[PDB]
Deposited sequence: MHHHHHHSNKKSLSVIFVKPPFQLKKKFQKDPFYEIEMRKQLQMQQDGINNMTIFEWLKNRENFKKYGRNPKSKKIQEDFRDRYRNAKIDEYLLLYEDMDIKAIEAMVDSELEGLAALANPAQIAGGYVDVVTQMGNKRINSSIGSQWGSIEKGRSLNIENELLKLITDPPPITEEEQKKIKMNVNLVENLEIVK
């Protein structure tokens, strides 16, 4: 189809420029990634993208505070049952009715995706390698 240019262009950030060999390897990576994308049908690229958005998901201090408390409880089980199923450990920790239980339980690729969606057997057609921004 029509050629989708990555927005914004990739960067060669300044910290990595002190090493003259880095840019070369970067360009190699960007090219091998571009061919890998262009080798896919549009349907399967969209399939994988929406699958990818399923992994993972307030105030971070409060979430980490709770996770620290929970991890100390998980650690108590790991110390005793080194080979126990961690899903079981987690469920037991999360089932206690005091302690932890007091604590309330609280994009370069996406741009290519949005440009492609408004463009809509047929192969993806993206450019990653042009316009590498230096600095």
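A.B. asks: Comparing the deposited sequence against the modelled residues, what ranges come up empty for C-alpha?
C.D. replies: Coordinates drop out over 1-12, 70-72, 122-153, 168-179, 195.
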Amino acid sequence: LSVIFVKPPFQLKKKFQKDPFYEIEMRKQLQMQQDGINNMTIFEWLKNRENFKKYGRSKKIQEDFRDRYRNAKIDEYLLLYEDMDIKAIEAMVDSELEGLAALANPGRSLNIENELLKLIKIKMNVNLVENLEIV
From here on, numbers count along this sequence of modelled residues.
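A.B. asks: Select between 92-100 and 35-43 the stretch whose C-alpha atoms have the higher average B-factor in the entry.
C.D. replies: Between 35-43 and 92-100, it is 35-43 that shows the higher mean C-alpha B-factor.
A.B. asks: Name the higher of the two by mean Cα B-factor in the PDB entry, 48-56 versus 63-71.
C.D. replies: Mean CA B-factor is higher for 48-56.
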